[PDB]
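**Q** My questions will all concern the structure given below.
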Amino acid sequence: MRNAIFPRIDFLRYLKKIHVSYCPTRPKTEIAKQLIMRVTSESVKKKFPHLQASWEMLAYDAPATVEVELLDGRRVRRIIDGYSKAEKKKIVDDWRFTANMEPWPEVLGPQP
Amino acid sequence: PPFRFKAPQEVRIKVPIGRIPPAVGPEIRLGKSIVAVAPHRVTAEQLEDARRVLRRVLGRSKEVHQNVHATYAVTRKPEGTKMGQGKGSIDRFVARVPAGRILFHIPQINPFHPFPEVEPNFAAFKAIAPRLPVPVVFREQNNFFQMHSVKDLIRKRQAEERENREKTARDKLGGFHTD
Amino acid sequence: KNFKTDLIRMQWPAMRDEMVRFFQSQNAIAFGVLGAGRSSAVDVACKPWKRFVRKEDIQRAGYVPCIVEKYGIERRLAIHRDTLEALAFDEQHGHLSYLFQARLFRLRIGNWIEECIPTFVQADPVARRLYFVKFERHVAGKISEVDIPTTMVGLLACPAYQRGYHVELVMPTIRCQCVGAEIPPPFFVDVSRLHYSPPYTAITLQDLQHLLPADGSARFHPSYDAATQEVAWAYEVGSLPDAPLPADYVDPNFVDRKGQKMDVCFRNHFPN
Amino acid sequence: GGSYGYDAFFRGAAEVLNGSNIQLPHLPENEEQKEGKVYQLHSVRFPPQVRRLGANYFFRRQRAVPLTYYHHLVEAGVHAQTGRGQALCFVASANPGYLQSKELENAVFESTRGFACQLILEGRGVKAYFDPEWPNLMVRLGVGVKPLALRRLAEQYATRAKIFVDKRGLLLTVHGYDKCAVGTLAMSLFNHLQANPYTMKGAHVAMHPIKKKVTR
Amino acid sequence: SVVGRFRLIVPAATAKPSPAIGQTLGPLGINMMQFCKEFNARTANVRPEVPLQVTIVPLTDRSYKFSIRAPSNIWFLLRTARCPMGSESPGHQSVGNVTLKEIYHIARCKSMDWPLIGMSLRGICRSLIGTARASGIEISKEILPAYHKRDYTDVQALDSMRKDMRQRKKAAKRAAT
Amino acid sequence: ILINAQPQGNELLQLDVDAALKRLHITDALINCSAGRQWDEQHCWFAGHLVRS
Amino acid sequence: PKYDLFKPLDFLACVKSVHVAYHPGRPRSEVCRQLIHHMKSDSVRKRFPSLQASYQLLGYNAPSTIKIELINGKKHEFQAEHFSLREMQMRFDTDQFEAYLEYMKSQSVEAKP
Amino acid sequence: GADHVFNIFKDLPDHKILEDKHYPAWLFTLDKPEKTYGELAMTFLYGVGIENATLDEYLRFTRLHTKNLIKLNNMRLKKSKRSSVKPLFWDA
RNA sequence: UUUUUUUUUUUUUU
RNA sequence: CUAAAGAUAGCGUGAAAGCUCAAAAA
RNA sequence: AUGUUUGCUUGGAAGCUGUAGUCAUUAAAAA
């Protein structure tokens, strides 16, 4: 920021270790790919020298997994299998151009 | 409590043309202020026009105050009088405004403390400075101190972060011992 | 659901600590920023005043002559312009500051240290210059009358101002009787709680009385009235009552060269 | 010289300090570039054409910081190029600005490809045909108006630049080796080929159309 | 390639060639006879002549496409508050009052829209709140004492004639001055 | 490596001989030119004024 | 007034197809990423809709490679690890300007898709 | 007929009100006034209450600061007489 | 910097 | 790719459309 | 970018012929 003391929020500021695995043959891997590319960038390297990043390519059918190690010592694991912003926009546009108004369940109010 | 003090009244008395004395000391006023640099005469019509322009520019929500009033009377020779037949009739009223005296001021305090990158506003005073028969200079004094500044803290933090980064980078490579 | 949110929530506690530590570190100097437990003293060197030396000479040389006079012999010193003016004029678009006369200068001359406070200042009306500054000693246990400035930094947080009402600072400075070894810092007017009222709203010194030192070294002037001595106002523009001219008003347009009133002012037919 | 002006004498030149900080054309320059800058030596590899500049531009010309220069000369499907087996020139300096001068790129473009420009023609009946052969250029400015003989320009600029016209005759292309020459030629052409704001019958330089006007 | 974007407000299930739609469909050269049919065919499950649906027609170089959505926020808010008009000089004069529960239902209803897909319900709610604020409609837990009736006796069927009566009354009362 | 371990700046003695060569109508001299064997893809030296003719 | 006659040509101007193949995490890999981002930009999409861009991620340690084919049938191949964006353009500027010259001669630059 | 308030479709019932226990918890919390930029600045720039700071407050302060920066730039770059600037902004 | 130059311009920043 | 984007600072039209700037990234 | 052509004047008013207001986006498989 311009007139500020502390920086903005960033999940990469308090991370020790990062690892990502994905299978090329599995769909919905773009998210993982982009993560890899951003993580493995020079700018990130320069900004957070204290970060250890390592990617792997799986040769077996499995979902895209992410394992991170905090500064403190805590560890967590997650899975990332979904669409990207561009794919979501294309999917939304495909349905939007149809223009078929119907009483979707969502429209309806809540009830026990 | 606040009050609306009544302005003085013009003196209908013939007076000499003596000189303008100097100022005693600098006059300090909170908020924006406009002051002269040299001594000169100013007329009530001039002051009223400046007040009207300032009010029109600022608007009806802001408040302004005058620091000089026209009370000194001056005479003029009527058209059709001989060389010397006594003092002439009163012509107009002027105010003896020496150097350093304040003319107008807005007590309004800049609220934007953590924004020192922006200069004050002097459009209202610019709109009337050409009108005045004297050179004027803008002024804006506040209660803001150096000690109470966020710039210093920002600088300090930037330095600290730089140092930290540097240290980290040196330690990573392992070219030197630790501790 | 996304993992970045989770990560950020997990990391927030850690991030908090850094800011906490930074503020603590900042505070450490005293051994909040706006706290009353903050020192304001300055320490500068001086030069001796040589014999057969005029004010003008010193001024031209690039120095400000000064003298020190109470509770001791009369001493003569010279303080660098670039050093003195910097303190004097601590604003980019301001003149002689109020704080200038509310400090504790630790002047150093030869092998001696003098703890003084400026009283008398001779500054140019228009230009920012210093001609002559006098100093007064300060000894522990002796009553010292000092004008402590006020601050209103926290102006943004004013409901009244938010709503579009006009806010003013009546009293720039408050008189105090310092007895202690150090002068209290500038007062802070906490305007965070100031609601608009039809007639008018104001703040007194009773609220600010809690900002004085706990040891009781400082005390406001007895002459003041904490129950009625307002420091700040909040009213609506163009809604004030009419009042007559004060009796102690002097017309500046009828002043003699000597600083005396004109003969005319003594006349019967002399309104105001 | 030695004479004080009235403004600076009496008034003291206070006008310069009577400006407002609003209604500005451009925002103030950010004062971010403070103490703490670290300089580094940058180097760029340019083609071998810059050798035509010679020493008079790299050494004789005075500059704030040194400006070195070296020429790596090497004796002589798919254009599989690498960083070896070819000639080039090394230009290194501490100031990045010196490594972006237009003269260095001109030294290569002038002797490799050169420069070009275009003029678009519009209006009903506006045609740019050709005489039997070059150099003979004629342009018709509307219906009923006599053509314009443009042979003078071409003779002037012979061997420096050339003019081409499409089949349709709606486009005037100019190709040359000299930047100055090219530009001059183009503007010369456009001076007498300028279009009317009302009837809109003429020529114009691309990416700079003229606004239309109507009578009240 | 596309030329731009255009917005329209045409009744759902009941459309015809009128100057309103023509003002947009004329310069474009879009055949209203075809457009009308196409539009109608896609809004069979909507009430006739009552709704004020919003459509967007992104014009193609040659071809054309369009999409439909629900009415505006104010459309909903005014009907819920049972008020013909808004409030002059917002922030000083109050007209209507809507509870949080109705806001919730509004949000839920409005959830189905392309510009809102992926957005939280909470966000929608807060947006609605803001909109209400921007119009001069107070929001609280339950009905306030000053609006216990809340104009419940007034039926919503006569909203158009109430609006026209107010429009003519405001001009008539000031013309005589 | 090749650019950070070589002289930087001007050279009075080089400039004098360059001016003399220009006076003597010598347009074949190359300033700061490298050379090497036939089967060489990298040169480790740069001659002051090299002439190919 | 002042008219701007000459304008520098974009990197992706008069280009038929582009292919990128690199290994993430490899030293000197910024070129690839910058090129990718440029290729998948908004401005590019609008100015040169008929552009075929593609990137590949290698699963093994191998040098970077960039292949560029122009509209006039010319082909070029460079290494991302030994060149820059700026330097690359200077290698094939001649063919790009030849194609742009022919296109300029043949058609107007103010045309739209 | 058309007297519904939560229905736009054809031949469907209107939405009925339910008990407070059925609605989300968060629904009954929006009534409260959110903290202002002035309030939030006191905790981050000055450190009045940093010991009791929260992520939501930090996010709100970060957004409001950029809002202020942009409004500042536009204030200065303004030329027209159109009434679009808060009076408070003018006092800078 | 080019005879480009009645109020019209290009190149290079010297 | 990530991040950020004033109820809207400067052009534009007939009610529109469209462009640019601030902010953000680099 | 989006709610949103938010509101009142106005035959009509989109960010951009007047004026009032001037906040809303990251959140429920958090407990």
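Please note that chains go A, B, ... in the order of the structure tokens, that every chain numbers its residues from 1, and that ligands are numbered from 1 in the order shown.
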Give one line per residue of chain B that approaches chain A to at most 9 Å, naming the two atoms of the closest pair and their distance in Å to one decimal, counting only C-alpha atoms; sort by chain then ascending residue number and deliver it as a Markdown table.

**A**
```
| residue | atom | partner | partner_atom | distance |
| --- | --- | --- | --- | --- |
| B:114 | CA | A:3 | CA | 7.0 |
| B:115 | CA | A:3 | CA | 6.9 |
| B:150 | CA | A:5 | CA | 8.2 |
| B:151 | CA | A:3 | CA | 8.4 |
| B:153 | CA | A:5 | CA | 7.1 |
| B:154 | CA | A:5 | CA | 5.0 |
| B:155 | CA | A:5 | CA | 8.5 |
| B:157 | CA | A:5 | CA | 6.8 |
| B:158 | CA | A:5 | CA | 8.2 |
| B:165 | CA | A:49 | CA | 7.8 |
| B:168 | CA | A:49 | CA | 7.1 |
| B:169 | CA | A:49 | CA | 6.7 |
| B:172 | CA | A:50 | CA | 8.1 |
```

**Q** Which residues come within 9 Å of range 27-40 of chain F, counting only C-alpha atoms (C1' of nucleotides), excluding same-chain residues fewer than 2 positions away, as a list in words?

**A** residues 51, 54, 55, 69, 70, 71, 72, 73, 74, 75 and 85 of chain D; 14, 18, 21, 22, 25, 42, 43, 44, 45, 46, 47, 48, 49, 50, 51, 52 and 53 of chain F

**Q** When you look at residue 82 in chain E with a cut-off of 8 Å (counting only C-alpha atoms (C1' of nucleotides)), what residues show up, excluding the ones that are within fewer than 6 positions of it in the same chain? I need them as an NGL selection string.

**A** :E and (96 or 150-152 or 154 or 156)

**Q** To one decimal place, how far is CA of residue 107 in chain G from CA of residue 102 in chain D in Å?

**A**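 According to the coordinates, CA of residue 107 in chain G and CA of residue 102 in chain D are separated by 28.3 Å.
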
**Q** Within 7 Å of chain D, which residues of chain H are there when counting only C-alpha atoms? Please give them as a list in words.

**A**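 Result, ordered by chain then number: residues 76, 77, 78 and 79 of chain H.
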
**Q** Counting only C-alpha atoms, which residue out of D:6, D:12, D:43, D:132 sits closest to chain B?

**A**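 Checking each of D:6, D:12, D:43, D:132 against chain B, counting only C-alpha atoms, the winner is D:12.
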
**Q** So that I can check the surroundings of residue 104 in chain D, please list as JSON, numbers by chain every protein, DNA and RNA residue that reaches within 12 Å of it, counting only C-alpha atoms (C1' of nucleotides) and ignoring chain neighbours fewer than 6 positions away.

**A** {"D": [44, 45, 46, 47, 48, 49, 50, 51, 52, 53, 54, 57, 58, 89, 91, 98, 110, 111], "I": [12]}

**Q** Could you check the closest approach to residue 233 in chain C for each of B:16, B:21, B:2, B:130 and tell me which residue wins, using only C-alpha atoms?

**A** B:2

**Q** Please list as a ChimeraX atom specification every residue within 12 Å of range 168-172 of chain E, counting only C-alpha atoms (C1' of nucleotides) and excluding residues in the same chain fewer than 6 positions away.

**A** /E:85,88,161-162 /K:8-10

**Q** With N, CA, C and O atoms (P, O5', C5', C4', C3', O3' and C1' of nucleotides) retained, could you export that selection as a PDB file, in the first residue's frame?

**A**
```pdb
ATOM      1  N   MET E  85     -43.758   5.767  -4.418  1.00  0.00           N
ATOM      2  CA  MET E  85     -42.531   6.446  -4.808  1.00  0.00           C
ATOM      3  C   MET E  85     -41.461   6.218  -3.748  1.00  0.00           C
ATOM      4  O   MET E  85     -41.678   5.532  -2.745  1.00  0.00           O
ATOM      5  N   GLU E  88     -37.680  11.836  -1.332  1.00  0.00           N
ATOM      6  CA  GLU E  88     -36.916  12.998  -1.766  1.00  0.00           C
ATOM      7  C   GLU E  88     -35.848  13.334  -0.734  1.00  0.00           C
ATOM      8  O   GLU E  88     -36.106  13.309   0.474  1.00  0.00           O
ATOM      9  N   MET E 161     -51.570   3.450 -10.840  1.00  0.00           N
ATOM     10  CA  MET E 161     -52.427   4.624 -10.742  1.00  0.00           C
ATOM     11  C   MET E 161     -52.039   5.495  -9.555  1.00  0.00           C
ATOM     12  O   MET E 161     -52.140   6.723  -9.638  1.00  0.00           O
ATOM     13  N   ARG E 162     -51.577   4.894  -8.454  1.00  0.00           N
ATOM     14  CA  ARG E 162     -51.061   5.701  -7.353  1.00  0.00           C
ATOM     15  C   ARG E 162     -49.850   6.516  -7.791  1.00  0.00           C
ATOM     16  O   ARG E 162     -49.741   7.705  -7.464  1.00  0.00           O
TER      17      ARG E 162
ATOM     18  P     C K   8     -38.020   7.782  -7.790  1.00  0.00           P
ATOM     19  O5'   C K   8     -37.975   9.340  -7.461  1.00  0.00           O
ATOM     20  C5'   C K   8     -38.563   9.855  -6.275  1.00  0.00           C
ATOM     21  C4'   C K   8     -38.306  11.333  -6.131  1.00  0.00           C
ATOM     22  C3'   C K   8     -38.696  12.194  -7.323  1.00  0.00           C
ATOM     23  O3'   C K   8     -40.076  12.517  -7.331  1.00  0.00           O
ATOM     24  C1'   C K   8     -36.517  12.779  -6.598  1.00  0.00           C
ATOM     25  P     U K   9     -40.757  13.135  -8.649  1.00  0.00           P
ATOM     26  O5'   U K   9     -40.009  14.527  -8.849  1.00  0.00           O
ATOM     27  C5'   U K   9     -40.240  15.316 -10.006  1.00  0.00           C
ATOM     28  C4'   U K   9     -39.280  16.477 -10.084  1.00  0.00           C
ATOM     29  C3'   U K   9     -39.209  17.186 -11.428  1.00  0.00           C
ATOM     30  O3'   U K   9     -40.254  18.123 -11.616  1.00  0.00           O
ATOM     31  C1'   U K   9     -37.021  16.737 -10.660  1.00  0.00           C
ATOM     32  P     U K  10     -41.439  17.811 -12.656  1.00  0.00           P
ATOM     33  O5'   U K  10     -40.687  17.616 -14.047  1.00  0.00           O
ATOM     34  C5'   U K  10     -39.919  18.668 -14.613  1.00  0.00           C
ATOM     35  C4'   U K  10     -39.001  18.164 -15.696  1.00  0.00           C
ATOM     36  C3'   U K  10     -39.658  17.371 -16.815  1.00  0.00           C
ATOM     37  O3'   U K  10     -40.274  18.191 -17.793  1.00  0.00           O
ATOM     38  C1'   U K  10     -37.740  16.220 -16.066  1.00  0.00           C
TER      39        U K  10
END
```

**Q** Compile the residues of chain D that lie within 10 Å of chain B, evaluated using only C-alpha atoms, and express the compilation as a VMD selection string.

**A** chain D and resid 7 10 to 23 28 30 to 31 36

**Q** Env of residue 156 in chain D: 12 Å cut, atoms = only C-alpha atoms (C1' of nucleotides), seq-sep filter 6 positions within chain, self excluded. Answer as a PyMOL selection string.

**A** chain D and resi 135+150+162+181-182+184-185+188

**Q** Please return, as JSON, numbers by chain, all residues of range 11-154 of chain B that DSSP assigns to strand (DSSP E or B) on the basis of the backbone.

**A** {"B": [30, 31, 32, 33, 34, 35, 36, 40, 41, 42, 43, 65, 66, 72, 73, 74, 75, 76, 89, 90, 91, 92, 93, 94, 95, 96, 97, 102, 103, 104, 105, 106, 136, 137, 138, 139, 140, 141]}

**Q** Export, as a tab-separated table (two decimals), in the first residue's frame, the selected residues with N, CA and C atoms.

**A**
```tsv
chain	number	residue	atom	x	y	z
B	30	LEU	N	-4.90	29.30	13.67
B	30	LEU	CA	-5.16	27.96	13.33
B	30	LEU	C	-5.88	27.86	12.01
B	31	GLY	N	-5.66	26.77	11.28
B	31	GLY	CA	-6.29	26.60	9.99
B	31	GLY	C	-5.66	27.48	8.93
B	32	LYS	N	-6.35	27.55	7.79
B	32	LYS	CA	-5.86	28.35	6.68
B	32	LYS	C	-5.88	29.83	7.06
B	33	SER	N	-5.00	30.61	6.44
B	33	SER	CA	-4.93	32.04	6.69
B	33	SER	C	-4.26	32.73	5.52
B	34	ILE	N	-4.68	33.96	5.24
B	34	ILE	CA	-4.10	34.79	4.18
B	34	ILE	C	-3.61	36.09	4.80
B	35	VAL	N	-2.37	36.45	4.49
B	35	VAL	CA	-1.72	37.63	5.05
B	35	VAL	C	-1.03	38.39	3.93
B	36	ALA	N	-0.73	39.66	4.20
B	36	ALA	CA	-0.04	40.53	3.27
B	36	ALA	C	1.47	40.46	3.53
B	40	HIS	N	-0.05	48.86	2.72
B	40	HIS	CA	-0.85	49.55	1.76
B	40	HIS	C	-2.23	49.84	2.30
B	41	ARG	N	-3.01	50.62	1.63
B	41	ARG	CA	-4.35	50.98	1.90
B	41	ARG	C	-5.34	50.03	1.26
B	42	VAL	N	-6.41	49.70	1.97
B	42	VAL	CA	-7.46	48.82	1.46
B	42	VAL	C	-8.80	49.46	1.77
B	43	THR	N	-9.72	49.40	0.81
B	43	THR	CA	-11.00	50.05	0.96
B	43	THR	C	-12.07	49.06	1.41
B	65	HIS	N	-14.10	34.38	8.52
B	65	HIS	CA	-14.03	35.49	9.46
B	65	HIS	C	-13.06	36.53	8.92
B	66	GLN	N	-13.37	37.80	9.20
B	66	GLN	CA	-12.56	38.93	8.77
B	66	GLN	C	-11.71	39.43	9.93
B	72	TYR	N	-10.34	54.05	9.06
B	72	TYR	CA	-9.58	55.28	8.85
B	72	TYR	C	-10.22	56.10	7.73
B	73	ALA	N	-10.56	57.35	8.03
B	73	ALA	CA	-11.19	58.23	7.06
B	73	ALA	C	-10.15	59.03	6.29
B	74	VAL	N	-10.49	59.39	5.06
B	74	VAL	CA	-9.62	60.17	4.19
B	74	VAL	C	-10.47	61.18	3.43
B	75	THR	N	-10.00	62.37	3.25
B	75	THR	CA	-10.57	63.48	2.59
B	75	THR	C	-10.09	63.63	1.17
B	76	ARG	N	-10.84	64.38	0.36
B	76	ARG	CA	-10.47	64.66	-1.02
B	76	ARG	C	-10.96	66.05	-1.38
B	89	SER	N	-13.71	67.55	2.16
B	89	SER	CA	-14.65	66.65	2.71
B	89	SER	C	-14.14	65.23	2.70
B	90	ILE	N	-14.58	64.39	3.58
B	90	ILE	CA	-14.30	63.01	3.66
B	90	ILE	C	-14.63	62.34	2.36
B	91	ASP	N	-13.71	61.55	1.81
B	91	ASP	CA	-13.91	60.86	0.54
B	91	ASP	C	-14.30	59.40	0.72
B	92	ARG	N	-13.50	58.63	1.46
B	92	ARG	CA	-13.79	57.23	1.70
B	92	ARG	C	-13.10	56.81	3.00
B	93	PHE	N	-13.19	55.52	3.30
B	93	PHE	CA	-12.56	54.95	4.48
B	93	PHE	C	-11.61	53.84	4.07
B	94	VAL	N	-10.44	53.81	4.71
B	94	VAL	CA	-9.41	52.82	4.42
B	94	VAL	C	-8.94	52.22	5.74
B	95	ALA	N	-8.31	51.05	5.64
B	95	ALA	CA	-7.77	50.35	6.80
B	95	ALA	C	-6.26	50.27	6.67
B	96	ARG	N	-5.53	50.71	7.66
B	96	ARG	CA	-4.11	50.66	7.75
B	96	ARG	C	-3.68	49.24	8.03
B	97	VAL	N	-3.32	48.47	7.04
B	97	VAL	CA	-2.94	47.10	7.11
B	97	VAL	C	-1.44	46.96	6.97
B	102	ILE	N	-3.00	39.77	9.35
B	102	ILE	CA	-3.88	38.78	8.74
B	102	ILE	C	-5.12	39.49	8.22
B	103	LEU	N	-5.63	39.03	7.08
B	103	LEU	CA	-6.85	39.55	6.48
B	103	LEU	C	-8.02	38.60	6.62
B	104	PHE	N	-7.84	37.34	6.23
B	104	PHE	CA	-8.89	36.34	6.30
B	104	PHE	C	-8.27	35.05	6.77
B	105	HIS	N	-9.09	34.19	7.37
B	105	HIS	CA	-8.60	32.93	7.93
B	105	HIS	C	-9.80	32.02	8.13
B	106	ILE	N	-9.55	30.73	7.93
B	106	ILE	CA	-10.53	29.68	8.15
B	106	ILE	C	-9.99	28.75	9.23
B	136	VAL	N	0.10	38.74	-1.47
B	136	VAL	CA	-0.35	37.89	-0.38
B	136	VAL	C	0.33	36.53	-0.50
B	137	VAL	N	0.36	35.80	0.61
B	137	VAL	CA	0.97	34.48	0.67
B	137	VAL	C	0.07	33.57	1.48
B	138	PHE	N	-0.11	32.35	1.00
B	138	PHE	CA	-0.96	31.38	1.67
B	138	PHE	C	-0.28	30.84	2.92
B	139	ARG	N	-1.10	30.40	3.88
B	139	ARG	CA	-0.59	29.86	5.13
B	139	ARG	C	-1.60	28.88	5.70
B	140	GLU	N	-1.09	27.86	6.38
B	140	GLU	CA	-1.93	26.87	7.04
B	140	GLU	C	-1.19	26.22	8.19
B	141	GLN	N	-1.50	26.63	9.42
B	141	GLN	CA	-0.86	26.10	10.62
B	141	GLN	C	-1.82	25.19	11.37
```

**Q** As a PDB file with C-alpha atoms, in the first residue's frame, could you give me every residue of chain H near chain E (at most 8 Å apart, counting only C-alpha atoms)?

**A**
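So iface_36.pdb came out as:
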```pdb
ATOM      1  CA  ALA H   2     -50.705 -10.350  -8.655  1.00  0.00           C
ATOM      2  CA  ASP H   3     -50.622  -9.343  -4.981  1.00  0.00           C
ATOM      3  CA  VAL H   5     -44.369 -10.178  -2.913  1.00  0.00           C
ATOM      4  CA  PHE H   6     -41.872 -13.053  -3.405  1.00  0.00           C
ATOM      5  CA  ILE H   8     -42.894 -13.804 -10.241  1.00  0.00           C
ATOM      6  CA  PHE H   9     -43.793 -17.145 -11.779  1.00  0.00           C
ATOM      7  CA  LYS H  10     -47.153 -18.405 -13.008  1.00  0.00           C
ATOM      8  CA  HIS H  15     -43.442 -17.268   0.254  1.00  0.00           C
ATOM      9  CA  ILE H  17     -42.806 -16.183   6.960  1.00  0.00           C
ATOM     10  CA  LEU H  27     -29.305 -12.909   9.272  1.00  0.00           C
ATOM     11  CA  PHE H  28     -30.028 -11.287  12.625  1.00  0.00           C
ATOM     12  CA  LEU H  30     -26.728  -6.980   9.957  1.00  0.00           C
ATOM     13  CA  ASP H  31     -28.601  -4.358  11.941  1.00  0.00           C
TER      14      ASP H  31
END
```

**Q** Apply DSSP to the structure's backbone, then extract all residues of range 11-242 of chain C labelled alpha helix (DSSP H) and return them as a PyMOL selection string.

**A** chain C and resi 11-27+55-61+81-88+159-162+205-208

**Q** To one decimal place, how far is CA of residue 253 in chain C from CA of residue 25 in chain B in Å?

**A**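 The value is 16.5 Å.
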
**Q** I need the chain H residues near chain J as a tab-separated table (two decimals) with N, CA and C atoms, in the first residue's frame; criterion: at most 10 Å, counting only C-alpha atoms (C1' of nucleotides).

**A**
```tsv
chain	number	residue	atom	x	y	z
H	66	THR	N	-7.75	2.32	0.30
H	66	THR	CA	-7.68	2.47	-1.15
H	66	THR	C	-8.84	3.30	-1.68
H	67	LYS	N	-10.03	3.16	-1.08
H	67	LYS	CA	-11.15	4.05	-1.43
H	67	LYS	C	-10.77	5.52	-1.26
H	68	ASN	N	-10.19	5.89	-0.14
H	68	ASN	CA	-9.72	7.19	0.19
H	68	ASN	C	-8.67	7.68	-0.77
H	69	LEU	N	-7.70	6.82	-1.09
H	69	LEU	CA	-6.65	7.17	-2.04
H	69	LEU	C	-7.24	7.55	-3.39
H	70	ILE	N	-8.14	6.72	-3.92
H	70	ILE	CA	-8.75	6.99	-5.22
H	70	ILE	C	-9.60	8.27	-5.17
H	71	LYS	N	-10.37	8.47	-4.10
H	71	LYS	CA	-11.19	9.68	-3.99
H	71	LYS	C	-10.34	10.94	-3.91
H	72	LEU	N	-9.21	10.91	-3.23
H	72	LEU	CA	-8.22	11.92	-3.19
H	72	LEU	C	-7.69	12.26	-4.56
H	73	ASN	N	-7.27	11.25	-5.32
H	73	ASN	CA	-6.75	11.50	-6.66
H	73	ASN	C	-7.82	12.14	-7.54
H	74	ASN	N	-9.05	11.66	-7.48
H	74	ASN	CA	-10.13	12.22	-8.28
H	74	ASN	C	-10.49	13.65	-7.88
H	75	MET	N	-10.43	14.00	-6.61
H	75	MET	CA	-10.66	15.29	-6.09
H	75	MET	C	-9.74	16.31	-6.70
H	76	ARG	N	-8.48	16.05	-6.73
H	76	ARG	CA	-7.46	16.83	-7.32
H	76	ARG	C	-7.61	16.95	-8.82
H	77	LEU	N	-7.91	15.84	-9.49
H	77	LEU	CA	-8.03	15.83	-10.94
H	77	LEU	C	-9.36	16.36	-11.47
H	78	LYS	N	-10.33	16.66	-10.63
H	78	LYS	CA	-11.59	17.21	-10.95
H	78	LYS	C	-11.46	18.57	-11.59
H	79	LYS	N	-12.19	18.90	-12.60
H	79	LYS	CA	-12.28	20.12	-13.31
H	79	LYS	C	-13.64	20.75	-13.41
H	80	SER	N	-14.67	19.99	-13.64
H	80	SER	CA	-16.01	20.38	-13.82
H	80	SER	C	-16.62	20.90	-12.54
H	84	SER	N	-20.29	16.45	-7.20
H	84	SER	CA	-19.96	15.09	-7.03
H	84	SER	C	-18.96	14.76	-5.95
```

**Q** Fewer than 2 positions away in the same chain doesn't count, so skip those; otherwise give me all residues within 10 Å of residue 9 in chain I, counting only C-alpha atoms (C1' of nucleotides), as a list in words.

**A**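 In the requested form, the answer reads residues 183, 184, 187, 188 and 191 of chain D; 1, 2 and 3 of chain G; 4 and 5 of chain I.
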
**Q** If you keep C-alpha atoms (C1' of nucleotides), can you produce a file of those selected residues as a PDB file, in the first residue's frame?

**A**
```
ATOM      1  CA  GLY D 183       8.470  11.795 -42.913  1.00  0.00           C
ATOM      2  CA  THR D 184       9.058  14.906 -44.881  1.00  0.00           C
ATOM      3  CA  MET D 187       3.860  15.386 -44.740  1.00  0.00           C
ATOM      4  CA  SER D 188       4.522  17.126 -48.058  1.00  0.00           C
ATOM      5  CA  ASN D 191      -0.144  19.121 -47.093  1.00  0.00           C
TER       6      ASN D 191
ATOM      7  CA  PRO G   1      -0.179  19.285 -33.820  1.00  0.00           C
ATOM      8  CA  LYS G   2       2.240  16.331 -33.900  1.00  0.00           C
ATOM      9  CA  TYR G   3       1.436  13.169 -35.858  1.00  0.00           C
TER      10      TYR G   3
ATOM     11  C1'   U I   4      11.266  21.523 -44.465  1.00  0.00           C
ATOM     12  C1'   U I   5       9.883  26.912 -43.206  1.00  0.00           C
TER      13        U I   5
END
```

**Q** Pick out the chain E residues within 12 Å of chain G. Count only C-alpha atoms. Give them as a VMD selection string.

**A** chain E and resid 1 to 3 61

**Q** Provide the CA of residue 52 in chain B to CA of residue 169 in chain C distance in Å, to one decimal place.

**A** 25.3 Å
